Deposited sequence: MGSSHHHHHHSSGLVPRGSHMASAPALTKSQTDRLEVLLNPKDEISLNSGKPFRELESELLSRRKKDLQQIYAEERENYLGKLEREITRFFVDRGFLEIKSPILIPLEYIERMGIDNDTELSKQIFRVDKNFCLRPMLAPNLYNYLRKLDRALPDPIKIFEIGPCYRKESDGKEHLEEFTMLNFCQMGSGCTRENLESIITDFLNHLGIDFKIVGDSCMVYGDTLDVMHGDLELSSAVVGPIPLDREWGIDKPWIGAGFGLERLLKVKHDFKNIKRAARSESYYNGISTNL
């Protein structure tokens, strides 16, 4: 009569946040619901949450005067050392000289330096894309995730302006937050949505940067987790197991 832990685990896979003994009937009910959810997505919008969020965020920053960057995901291992990373044990190495980027900063540093030769002050850029870190199991971490990093360099690089961009950005997405403060974290309850920095910092010199700057990095899967009230960030990930938070194991 009482559901086993394994049965409960199975039902929880099929349970969605907005949902409101014997196991087989409960399972059948949830299977029907989830099939109908996929059918509705297929019939109507057909957009993947992670893709759609990237597009929405892209529009926000492009509209605010930030240049869209698409830089390599596979980066030189040298960039890790040059980032002052002696995270060191979290790097996915590829061949002898490369790794999967654990963050967007090194390529954006290079872009800021290069673009400063061409673009008027201030320089405003952003990137959204895959980042990789070896992580311990956890409901808030993925080994394959998607970062947004925006930054501004030159005039107007104040904490006030950084907080303003963050605030406008999250109010646009409709995500509740608190900024907890040079360095700031953007929190949703106890979940970190972003780390933000008001530069300059001593690392800049290694990258040929000698101007003020502000920037922040956000995990898109974390944003989705909060927005859609997913219990586990796995529902928001690139996945074969979940589609828009709906189990594909039906």
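The chain's deposited sequence has unresolved stretches at 1-24, 45-50, 117-120, 216-222, with no C-alpha coordinates there.
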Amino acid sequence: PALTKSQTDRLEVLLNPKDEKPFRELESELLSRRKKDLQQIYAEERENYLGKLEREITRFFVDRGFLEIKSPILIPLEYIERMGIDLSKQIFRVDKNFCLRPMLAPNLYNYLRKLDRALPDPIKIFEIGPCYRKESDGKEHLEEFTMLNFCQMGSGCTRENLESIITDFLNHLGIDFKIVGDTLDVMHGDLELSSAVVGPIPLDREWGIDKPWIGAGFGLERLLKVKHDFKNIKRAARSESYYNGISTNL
From here on, numbers count along this sequence of modelled residues.
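When the C-alpha B-factors of 134-142 and 155-163 are averaged, 134-142 comes out higher. For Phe126, the recorded CA temperature factor ranks within the highest third of the chain's modelled residues. When the modelled residues of the chain are ordered by their C-alpha B factor, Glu68 lands in the lowest third.
Ranked by C-alpha B-factor against the other modelled residues of its chain, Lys96 falls in the highest third.
For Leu104, the recorded CA B-factor ranks within the lowest third of the chain. Only modelled residues enter the ranking. In the deposited entry, the Cα temperature factor of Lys231 places it in the highest third of its chain's modelled residues.
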